[PDB]
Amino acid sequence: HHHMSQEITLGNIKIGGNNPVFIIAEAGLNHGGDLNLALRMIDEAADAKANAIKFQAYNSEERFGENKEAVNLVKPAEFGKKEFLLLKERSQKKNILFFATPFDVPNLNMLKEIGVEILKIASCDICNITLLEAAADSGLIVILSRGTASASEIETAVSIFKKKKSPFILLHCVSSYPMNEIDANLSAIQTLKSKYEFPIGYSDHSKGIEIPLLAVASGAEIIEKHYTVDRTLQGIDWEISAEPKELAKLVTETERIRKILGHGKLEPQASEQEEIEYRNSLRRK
């Protein structure tokens, strides 16, 4: 390629540059607070060969305030340090990366204390200056999604991490539920890749995997997709969540599209040598 993002390398973490697309299974709140179900989600995400599985670390009242129905809905799905330690341990055993989205500073501090190496910051927090500054100060790798955000809002958020030289990844994202095809605006990925030097990816909220695969073809270097072991359980966000076989197809189809994208250099392929020989023998005149 011409454009190559500055890769983020932390041990075996290798994101951007000419590395494989980093695929995140967003378990989110779909486990409903069932710890055994969350552990099962890790097992089956590792079997699907996702690179990482992501959870959410939040206080319901802090997150939703006076929306009593939202509070009651997400209250059962809260996990604390003891559960996140068990989930991190199962993830290490199954060779899949564990991390989570903190929604406040106490949860961020807890995630750093249990040894996570990556933080996700949700789209709704792209203007949460206190939380962004705490993420930048942590020194950890930060993935920020830009759903809801204008170009100026993105620049303000990006500057917070540039100022601390945080390893930083930005995901194009549309905070629409569910996200329709005509709202994907996947060419924003290239707009961001032209504007910034760090890796750009895509976080999906559609009802399938076609849009994230198209996002890979349009340049995404990271893919985040909501994830469930079984939509029939009707857990939180089930409608936009991929089941394990669909996650596995996302992984293998991403690899296939990456092969099709190729090296990006302006040079002939060896499969063209017969036409090169013909060109050189008769058409140079």
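Position 1 is the first residue in the sequence shown; the rest follow in order.
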Going by the average Cα B-factor in the PDB entry, point out whether 252-260 or 234-242 comes out higher. 234-242
Quick note on 40-48 and 63-71: per-entry mean CA temperature factor is higher in 63-71
Say you rank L186, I114, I121, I154 by Cα B-factor from the PDB entry; which sits at the top? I114
Criterion, highest CA B-factor; candidates, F168, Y177, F103, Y202: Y177
Ranking the modelled residues of this chain by C-alpha B-factor as given in the entry, is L35 in the lowest, middle or highest third? highest
Quick tally, chain-level thirds of C-alpha B-factors: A134 sits in the middle
Lowest, middle or highest third: where is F98 by C-alpha B factor in its chain? lowest
Ranked against its chain, the third holding the CA B-factor of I126: highest
Sorting the chain's modelled residues by C-alpha B-factor and splitting them into thirds places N18 in the highest
